[PDB]
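Inspection log for the structure reproduced underneath, given as structure tokens.
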Amino acid sequence: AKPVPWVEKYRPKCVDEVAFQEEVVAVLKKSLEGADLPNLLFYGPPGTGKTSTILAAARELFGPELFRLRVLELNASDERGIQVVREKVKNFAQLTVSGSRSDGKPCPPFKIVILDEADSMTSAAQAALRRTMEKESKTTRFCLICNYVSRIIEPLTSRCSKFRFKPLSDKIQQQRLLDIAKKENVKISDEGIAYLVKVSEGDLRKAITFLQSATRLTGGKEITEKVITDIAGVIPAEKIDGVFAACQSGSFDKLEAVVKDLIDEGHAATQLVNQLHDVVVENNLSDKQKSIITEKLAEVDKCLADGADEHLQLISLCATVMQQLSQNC
Amino acid sequence: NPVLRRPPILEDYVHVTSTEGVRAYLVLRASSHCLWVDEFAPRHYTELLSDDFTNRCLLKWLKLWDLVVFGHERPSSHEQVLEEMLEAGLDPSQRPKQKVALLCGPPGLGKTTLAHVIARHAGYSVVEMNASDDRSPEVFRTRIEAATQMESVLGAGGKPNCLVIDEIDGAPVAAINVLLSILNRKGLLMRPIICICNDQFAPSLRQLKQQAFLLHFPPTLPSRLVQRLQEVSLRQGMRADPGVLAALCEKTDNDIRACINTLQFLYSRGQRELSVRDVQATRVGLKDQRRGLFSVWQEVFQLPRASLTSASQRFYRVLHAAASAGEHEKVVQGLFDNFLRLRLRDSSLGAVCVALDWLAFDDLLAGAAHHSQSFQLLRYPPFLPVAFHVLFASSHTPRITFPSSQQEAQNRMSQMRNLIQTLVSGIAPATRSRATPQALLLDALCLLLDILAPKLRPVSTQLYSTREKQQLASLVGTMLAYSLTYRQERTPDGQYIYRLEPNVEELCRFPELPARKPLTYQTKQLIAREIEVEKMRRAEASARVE
Amino acid sequence: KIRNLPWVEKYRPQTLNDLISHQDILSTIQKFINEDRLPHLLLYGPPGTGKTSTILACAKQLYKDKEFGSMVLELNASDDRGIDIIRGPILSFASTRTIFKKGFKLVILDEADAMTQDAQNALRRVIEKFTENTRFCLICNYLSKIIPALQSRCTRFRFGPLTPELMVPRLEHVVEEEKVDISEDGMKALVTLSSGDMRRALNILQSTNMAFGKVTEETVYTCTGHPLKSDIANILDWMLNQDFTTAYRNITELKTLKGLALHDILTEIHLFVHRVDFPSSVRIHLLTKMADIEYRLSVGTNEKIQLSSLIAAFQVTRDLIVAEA
Amino acid sequence: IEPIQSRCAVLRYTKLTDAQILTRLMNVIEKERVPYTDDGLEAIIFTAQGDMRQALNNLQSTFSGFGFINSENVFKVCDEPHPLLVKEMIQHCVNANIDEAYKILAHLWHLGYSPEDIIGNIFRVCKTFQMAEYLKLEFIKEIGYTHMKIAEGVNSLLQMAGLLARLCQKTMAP
Amino acid sequence: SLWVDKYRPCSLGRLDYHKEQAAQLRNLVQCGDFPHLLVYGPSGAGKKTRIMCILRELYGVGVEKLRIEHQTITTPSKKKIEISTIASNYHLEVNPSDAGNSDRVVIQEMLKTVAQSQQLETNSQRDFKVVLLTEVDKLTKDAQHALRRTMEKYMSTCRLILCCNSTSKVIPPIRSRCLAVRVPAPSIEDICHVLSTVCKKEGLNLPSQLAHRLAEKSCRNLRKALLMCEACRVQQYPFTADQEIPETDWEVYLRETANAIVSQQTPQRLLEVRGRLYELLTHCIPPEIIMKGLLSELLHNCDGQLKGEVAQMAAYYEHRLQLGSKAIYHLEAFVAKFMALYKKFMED
DNA sequence: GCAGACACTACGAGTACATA
Ligand SMILES: Nc1ncnc2c1ncn2[C@@H]1O[C@H](COP(=O)(O)OP(=O)(O)OP(O)(O)=S)[C@@H](O)[C@H]1O
Ligand SMILES: Nc1ncnc2c1ncn2[C@@H]1O[C@H](COP(=O)(O)OP(=O)(O)OP(O)(O)=S)[C@@H](O)[C@H]1O
Ligand SMILES: Nc1ncnc2c1ncn2[C@@H]1O[C@H](COP(=O)(O)OP(=O)(O)OP(O)(O)=S)[C@@H](O)[C@H]1O
Ligand SMILES: Nc1ncnc2c1ncn2[C@@H]1O[C@H](COP(=O)(O)OP(=O)(O)O)[C@@H](O)[C@H]1O
Ligand SMILES: [Mg+2]
Ligand SMILES: [Mg+2]
Ligand SMILES: [Mg+2]
């Protein structure tokens, strides 16, 4: 009886437990009924449930005894070169479809090849999947899982039926989090769950991780908004007001002081970019100032995505918004 | 005007409103059996077409072997070193100190012809070893040991064997090591060896250059080559002006074989008088020259002297020459290491900034082509030397040196990484986990060296105080915690010095910084002796506990 | 009998008459077959246009089922096609006779752009010397990845994108064979979202028929997740006609309600920009900014900030367009 | 290599002209009794681009598919050469005419050419274009910057339009 | 041992600062179903100390019995690459950035063999093992993409604690799979309290002025503050208030490099500064820290209307340095751009 | 009948380069 984290304890074991992805859930339930399953391409933001949906669909199609004979999962944690596609994928695709479910449930007459994280697969290795998917489509199906669909070549995009996984809405995510908190015998306030579904930004794995960590930190009493705010790394609004006051002052020394205070406090630069953008798009600045401040925010977010230094990007963004705030003064 | 104040009547429109609230409307809707190079090939010494200094130097070098080969006492700048090598005497085993004559130069000059003619002139028998042989080190050793370590079958009156090794630049490094092993074996070498290469700066011939009689071939004199081509055309019954032959000589880049082959194709027997336009045509006689690095750097950094004055012709010439040079990374390193030492007229540093932008563009192209396996991004970095030519064109005479900063930086970085990995390997794993090597280098190295050097007076241990002994014990403990110790070093000046066994001073210290007071010899010797007796008493304490 | 197949493979043009678009090219290849003067073919074009199906129908028309295994040597990117394969199996297939029935043989090199340049240079004299014995068909999506020697040795046919007027009867055939209830706007949505791709037309048709049971405009744009053109017109109107805050609120509410992605919004706004009679400098600025925003979405970025930058790129040019007058 | 080229008489062949291909095409036509017109043979020459193999292949394809050689039968199976429109696209990009350049780009896009082929033809035209040297260098740098994005995975009509807009800006930013 | 290692706390109840976070981390790992952890913050804040305190809370005192394990990993190019791991009977510490660009092979092969095997003893040890990945911000994106499925498949028998400085270099698939634990730098009062308790445990007296100057000069790095305090006690045993503090050599070398930049704006001075930057890069100083030190020194010599453009140029060229592979090109480009801007500002 | 020698192919290892 070992404890398990809630992202694996409450993983969807069937298609009916998958939330908010209604079109692909309807397609997979029709494939459970016996319809013709095509080749699938799942893409979207992280934590939306691309892996759990296809794993639940495969374990409902084949069951426990035929999951090892009909499902081949290849991801970025194992080597996927051109020779792995030429040998391991192609010889699996040429195997016979045999074996029946012992519980009396119907079994589809194909295998499923799950190529999770197809962004990391090279363009040469993706080119060898084309006639493998076309010729062996009578006996196997291919599901490509990725986050950026531009990192998969256009023949494989055309060969697969694309399904985009949307970020989960606040109603569905709040309902799932309240169901998980109900099944775990913990209590969370309405403001706490509202701030949780605002913080998680459609990432249900992040929401479940934050809920489990707030349950462990709280210990079993009421989960308020303060524990959620402290556990999410949300920068307080006084720091944002001090940043904008240092920008309105027009001095670079106070700008360096507030940037060094935010860096030394360990606040992530992506969270600061999000909060500065939220203040900027919801104030009484002019349209031109808001325009170039938001464009600088997009440039800073792009540079942070490429692993640039947080201090230099934040001081460049602060210099730009300081110039914009002191230009009209 | 794309913007209409009034809305359109028939076409579809999309409204545009500014911040002040005024609407704007946009529209939504055996003469015939042999080659001429073989027919006119030189068979005597008097008809050679090379530089006379190189022929005389090779003949004098081969005549220095007559003491040990023929058993007769009597045989019958770059020039100053070769004249000194011919008059520096002989080794005590009555042989020249340079036992290999190395011939280098561009093709079509007559290096093989000079080697064979000079070998047959001095009474030797030419043993030819070329690139069509196996060139494996076992076959290389067997061939050289057959050619050089035995006498002749004919006995008295038999010709000695002079080993001529053509195309030594393409030989593997192990074959050169075999050649150097049979060169410096003290199985003693008694016969001369001649090596011919096209590129003296090959990586496999680095140790061969320091031991050989280096004879660099200059390009052939155009007057002598024009006279020889005139004699060849007169022998074949063909008429040609000196001007058209000089045009052919400057077209073929002073290549004897290419000029004679071009004349053999162009003459035939349909016509006799060769025309200037046939040589000036690019259909016959033009070959792709492999340009050197320094010629490319000169062509880039210096404008041609005064048609050819158009900028597009210089653009295409610089692009094609930099493409035809090869070794693109060396060209980029030379451009990076030579463009700041010029007499730059751009005092605003904009040309330097856009040249560095071009260098970063080349670096990003190399990274993207080596990341996404998309090597069609490598057709753009050929335009980096022509960008440097456009930006830094001058009529002066720049001094171009070889690029060495990036390779020395990489070598020093590898040495410092090896020194860091040697330093962290001695630390205990309990204290290795508490800090990364990067944080230990940035934070805990210079301050650690400030800890390890206290203000210690040159006084013996029996006259120390309680605080001095406690500080010394703490110093020895902190030195033993990081597995550091002092050992003696031998100096050519005759004094002994103590130094750290991992030399972590060069990890910390910098050249332009002010000097700090170091620890003396007596204090460092006392510290080393205290470390040794602390190790002894630590072993004794470990024996006492267990 | 019924088979569990995707509709891109269940409905494949096994004969040359079942293909829809390239009538001149297919007529010329049919007259090549009927006269027995088939040359070395080079079929190139965008994906999903019918290059593999054409040569498979030609191979089934030329050769019978009792001689197909010894007459056609089909190699693709899933097989090893190195220079030892060109010197080995391909050269031995090209240089030998047949076994059962006398005739010319066929070597189909599908996805020939993925071959190395050494193999393509070794392929030249195999094609040229054995023209009377065998024929070579090269299929690629990129003509720049095939060397000009092989482009000279093979006559080239461009299998261009399928026009939406010609994709309608094949989609209607698939619909009447699969018993699909589809309206007119569903067909228009299929042929609009396909963009000259028959594969993804059948993929969107099958996914929409399984997801909803009927194929209309709303079901296609819901299953695919593509924004409606009215949504793009509303986004352009909000971006060009009001201030930053109200446009941000309206576009954010539309993206939250409809579940839109910024890539397709950027694509449709880019298509809308060239239709709007912008000034030249405004058009250049909008194209550069939209290309920058499209490039920024290929990494781990925040889509809300890029949406704000998309609004910003038009909020900058509002005053320039109005002051142009 | 240079030592092999020194050992041989290096002969350099140039591209065949229109009349030189036309004489051999007339010989093949008179051997094969092919009916033809003058503009059809001019279209065959235009599609040949100095290649006799492509001229013979296009002539045989047009004769087998249609039985007559006029311009419409040649251009129904063969195609116009790619850089002959990329040249005026680059010419419109030099004069900062973004509308005509996008018209040529969209015409090349609707014919099914991949962005890699289009940017390869763009670089091929810009390598030997007749303009300023510094403008050509920054054009080539912008082409390489866009080609890195195309090879990275993002390759749409918006990226090519942004490349054309950047090439038009490089003129207006001295 | 030095003062950085002699008085490091062992458990979560003995931490001098972030005591509320210490109690929260104690309550987090009590049940055993805690998720993967992302301990992030500035360097010297105390992240590794809290990670070892979490390991002390989970297992017994046997996590302090560390040993060096040498692993030989085979590249796809069949080149043997040597890496070193610190391991105990309960956990493992891996730094995959020591293998360089082949860290993806380390993640795919070394971590998967650890995760695929359960523990030998299940009574003295717990039901799961902990893998410490240090400096995951220095990992390439390929290694982070290889990391993500191992973090989900074997998270009931193997837990991961990832340590980094900036979470911007961590990809959002990895950041979605783990709980982010923020460890801020200690304040001036916290560093003064730590240094005062260290000096009281050493039998010494530390003034408040000297402790405040040591806290201010360390830039809120407690490791560097403790090293500077021990260096000040080897240099001078009476702790004076105005006692000089020793400095690191690369920092003053960076300051003299920036002074050489602002002294003259010529291509010859640019060549000399390139030589100085080569000397900085050969000593294994990271180029982003070189950019940060340059911007920290160049903005002291700039006027008030020039600092924003220099900061934006420094950020732009540091981003281009992160995109590129040769740091000296982008460093010399930033220095040349600053020289051009400074000459234009001085001449006008 | 069993030990030594001969060449045989498969396999391990090192290196270059990939554009127009
Ligand atoms: N739609 C969903 N319904 C129910 N649980 C979900 C859903 N999405 C995520 N979860 C939970 O979060 C965990 C993560 O789901 P995943 O399938 O790994 O998401 P993902 O799409 O794979 O993210 P990436 O792109 O692989 S990083 C699951 O194991 C569930 O516990
Ligand atoms: N004086 C001469 N008159 C006419 N032909 C000559 C004369 N000297 C040499 N040649 C010919 O020019 C060529 C010289 O090339 P070789 O000496 O054989 O080789 P090489 O000059 O060392 O150049 P490489 O590097 O081997 S290509 C040969 O074909 C000779 O026959
Ligand atoms: N012209 C067409 N007529 C009818 N169906 C077509 C046509 N083109 C494609 N299809 C359908 O799309 C499927 C795939 O067509 P393919 O021949 O594989 O396209 P393709 O031209 O080979 O694309 P690539 O380059 O190989 S990815 C076929 O099985 C048909 O169902
Ligand atoms: N609570 C604490 N009390 C006393 N000293 C501490 C405390 N936390 C950290 N330190 C000291 O500060 C230094 C921080 O280094 P480390 O723990 O490796 O954190 P990081 O990984 O952030 O550098 C350690 O050497 C440790 O001795
Ligand atoms: Mg996944
Ligand atoms: Mg020779
Ligand atoms: Mg195909």
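Residue numbers (the deposited numbering), protein chains in the order written: chain D, 35 to 363; chain A, 165 to 193, 276 to 322, 346 to 455, 480 to 599, 624 to 863; chain C, 16 to 340; chain B, 178 to 351; chain E, 2 to 349. Beta carbons: idealized from backbone N, C-alpha and C, even for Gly.
Cβ distance (whole Å) where residue 351 of chain D is taken to contact residue 319 of chain D below 8 Å: The count along the first sequence starts at 1 and reaches residue 351 of chain D at position 317. The count along the first sequence starts at 1 and reaches residue 319 of chain D at position 285. Incorrect: roughly 15 Å between the Cβ atoms, too far for contact.
DSSP beta-bridge partners of residue 440 of chain A: For this step, residue 440 of chain A is matched to residue 171 along the second sequence. Its beta-bridge partners do not exist; DSSP assigns none.
Taking only three categories from DSSP, how would you classify residue 172 of chain C? Taking the first residue of the third sequence as position 1, residue 172 of chain C is located at position 157. Strand.
Is the CB-CB distance between residue 525 of chain A and residue 535 of chain A below 7 Å? Counted from its first residue, the second sequence places residue 525 of chain A at position 232. Counted from its first residue, the second sequence places residue 535 of chain A at position 242. Their beta carbons are not under 7 Å apart, which means residue 525 of chain A does not touch residue 535 of chain A by this criterion.
Using 8 Å as the Cβ pair cut-off and three pairs as the minimum, do the segment 79-93 of chain E and the segment 127-139 of chain E touch? yes
Thinking C-alpha only, which one of D/263, D/153, D/244 is nearest residue 29 of chain E? Position 28 of the fifth sequence, counting from 1, holds the residue named residue 29 of chain E. Here the closest residue by C-alpha is D/244.
Residue 528 of chain A beta carbon less than 7 Å from that of residue 566 of chain A: Counting from 1 along the second sequence, the entry for residue 566 of chain A is found at position 273. Counting from 1 along the second sequence, the entry for residue 528 of chain A is found at position 235. Against a cut-off of 7 Å, the Cβ pair of residue 528 of chain A and residue 566 of chain A comes out as no contact.
At a cut of 8 Å, does the segment 94-106 of chain E reach the segment 74-86 of chain E through at least three beta carbon pairs? yes
Are the CB atoms of residue 254 of chain E and residue 827 of chain A within a distance shorter than 7 Å? Numbered from its first residue, the second sequence carries residue 827 of chain A at position 510. Numbered from its first residue, the fifth sequence carries residue 254 of chain E at position 253. Their beta carbons are under 7 Å apart, which means residue 827 of chain A touches residue 254 of chain E by this criterion.
Taking 6 Å as the cut-off, is the CB of residue 85 of chain D close to at least one heavy atom of ligand 5? Here the question's residue 85 of chain D lines up with position 51 in the first sequence. Yes, the beta carbon of residue 85 of chain D sits closer than 6 Å to at least one heavy atom of ligand 5.
Residue interval of the beta strand (DSSP E) (run including residue 370 of chain A): By one-based count along the second sequence, residue 370 of chain A stands at place 101. It spans 369-373 - the beta strand (DSSP E) in which residue 370 of chain A sits, taken as one unbroken run.
Please report whether the beta-carbon of residue 174 of chain E lies at a distance below 7 Å from any beta-carbon of chain D. Taking the fifth sequence and counting its residues from 1, the one referred to as residue 174 of chain E is at position 173. It does: the Cβ of residue 174 of chain E has a partner Cβ on chain D nearer than 7 Å.
Nearest to residue 706 of chain A by CA position, among A/682, A/739, A/671, A/732, is which residue? Sequence index remark: in the second sequence, residue 706 of chain A carries index 389 (1-based). Residue 706 of chain A has its Cα closest to that of A/671, out of A/682, A/739, A/671, A/732.
Taking 6 Å as the cut-off, is the CB of residue 46 of chain D close to at least one heavy atom of ligand 1? Here residue 46 of chain D is taken as the residue at index 12 of the first sequence, counted from 1. Correct: residue 46 of chain D has its Cβ closer than 6 Å to ligand 1.
Spatial neighbours of residue 560 of chain A in its chain, beta-carbon cut-off 6 Å, leaving aside the 5 residues before and after: Within the second sequence, numbered from 1, the residue matching residue 560 of chain A stands at position 267. So the qualifying residues of the chain are 531.
Does residue 165 of chain A come out as helix, strand or coil in the three-state DSSP assignment? Along the second sequence, one-based indexing puts residue 165 of chain A at 1. Three-state DSSP puts residue 165 of chain A in coil, outside helix and strand.
Thinking residue 299 of chain C and residue 345 of chain B are a contact (beta carbons under 8 Å), I'd like their distance in whole angstroms, please. In the third sequence, the residue the question calls residue 299 of chain C occupies position 284. In the fourth sequence, the residue the question calls residue 345 of chain B occupies position 168. That belief holds up - the Cβ atoms of residue 299 of chain C and residue 345 of chain B are roughly 5 Å apart, short of 8 Å.
When the cut-off is 7 Å and only beta carbons count, does residue 263 of chain D lie next to chain A? In the first sequence, residue 263 of chain D corresponds to position 229, counting from 1. Answer no: the Cβ-Cβ gap between residue 263 of chain D and chain A never drops below 7 Å.
At least one CB of chain D closer than 7 Å to the CB of residue 331 of chain C: is that the case? Counting from 1 along the third sequence, the entry for residue 331 of chain C is found at position 316. It does: the Cβ of residue 331 of chain C has a partner Cβ on chain D nearer than 7 Å.
In whole angstroms, what separates the C-alpha of residue 207 of chain B from that of residue 240 of chain B? By one-based count along the fourth sequence, residue 207 of chain B stands at place 30. By one-based count along the fourth sequence, residue 240 of chain B stands at place 63. Answer to the nearest angstrom: the Cα atoms are 13 Å apart.
Collapsed DSSP secondary structure at residue 738 of chain A in the structure displayed: Within the second sequence, numbered from 1, the residue matching residue 738 of chain A stands at position 421. Helix, per DSSP.
Pairs of beta-carbons, one from the segment 195-210 of chain B and one from the segment 273-293 of chain C, closer than 8 Å: are there three or more? no
Pull up the distance between the alpha-carbon of residue 306 of chain D and that of residue 269 of chain D, whole angstroms please. Start at 1 with the first residue of the first sequence, and residue 306 of chain D comes out as number 272. Start at 1 with the first residue of the first sequence, and residue 269 of chain D comes out as number 235. Whole-angstrom Cα-Cα distance: 7 Å.
Does the beta carbon of residue 67 of chain C fall short of 6 Å from some heavy atom of ligand 7? Within the third sequence, residue 67 of chain C is the residue found at index 52, counting from 1. Under cutoff, so the answer is yes.
Taking 7 Å as the CB-CB cut-off, is residue 62 of chain E touching chain A? In the fifth sequence, counting from the first residue as 1, residue 62 of chain E sits at position 61. Not one chain A Cβ lies under 7 Å of residue 62 of chain E.
Using a Cβ-Cβ cutoff of 7 Å, what residues of the segment 183-217 of chain D are near chain B? List them in chain order. 184, 185
Select from the segment 283-316 of chain E all residues with a C-beta closer than 7 Å to any C-beta belonging to chain A, and list them in chain order. 283, 284, 285
Compute the distance between the beta-carbons of residue 376 of chain A and residue 179 of chain B, then report whether it is under 7 Å. Position 107 of the second sequence, counted from the start, is the residue given in the question as residue 376 of chain A. Position 2 of the fourth sequence, counted from the start, is the residue given in the question as residue 179 of chain B. Yes, these two residues count as a Cβ contact at 7 Å.
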